[PDB]
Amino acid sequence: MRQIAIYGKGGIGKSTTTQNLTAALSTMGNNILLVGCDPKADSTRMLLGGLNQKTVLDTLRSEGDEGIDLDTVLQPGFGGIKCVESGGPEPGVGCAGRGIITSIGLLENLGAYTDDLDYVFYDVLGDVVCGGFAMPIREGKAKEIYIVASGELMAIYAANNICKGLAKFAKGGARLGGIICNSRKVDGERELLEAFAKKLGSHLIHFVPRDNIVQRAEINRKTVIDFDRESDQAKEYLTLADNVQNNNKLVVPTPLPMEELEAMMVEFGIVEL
């Protein structure tokens, strides 16, 4: 079973890409488990069709004593992807590290990690690279990490910080699988992300273009692969999925020093002096 996590700054379509990537991968005869570990993102709604599936932690906190049933917290979606949302911390009190480990622990007990699974995906928040949101990596639940980024200053800064945390758990086998660029239609965006990925010791595994059909598919509460299998953007995600599935270039990332990261921002006009 492949054990993948997607990290990245919020607000640039990381959850859209994860759901479209998993949808595309399911059409290749893959059994996929998707666990949302991002308390600001609906990581499964394009695959399930609703809004905000009942989360593991909300179920656990809810009134009553009866034991959780797997069917409560794991719902089948497009392509047969099993969909789970861990849920957020108790507002102002809890910690997402304990919440994420709590959800995974309970999923393990209920048998969600079935022997016929080809992939498990974690969609993890990447806006803070704290010990809590790194627990999927630290505990070896996710060994193969992909970072969604865009040609924006703090999106690349976030990715670099994720790489620092990722590098800290290299001994356990965690690797960077590659950078995924969510096109913000910035000039030279692909060139910049290719250069960033190269300095990390990795590669831009795919460039995901802006296409209005993604907003149309989401308005219809679906992934692009589901909304229009033969569309161009659907072929993009299929390329992305093919590249992930057959990716054999996994590395311990080498995060950029601050002066090199800032220099690259000047070089590609992201900031003008």
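The numbering used is simple: start at 1 and walk along the sequence shown.
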item: Mean temperature factor over C-alpha atoms, higher-scoring stretch between 90-98 and 198-206; value: 198-206
item: Between the two ranges 114-122 and 155-163, the one averaging a larger CA B factor in the entry; value: 114-122
item: Third assignment of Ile6 from its chain's C-alpha B-factors; value: lowest
item: CA B-factor placement of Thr27, once the chain's modelled residues are sorted into thirds; value: highest
item: Cα B factor band for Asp127 (lowest, middle or highest third within the chain); value: lowest
item: Ranked C-alpha temperature factor of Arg61 among modelled chain residues, by third; value: middle
item: For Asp38, the third of its chain into which the C-alpha B factor falls; value: lowest
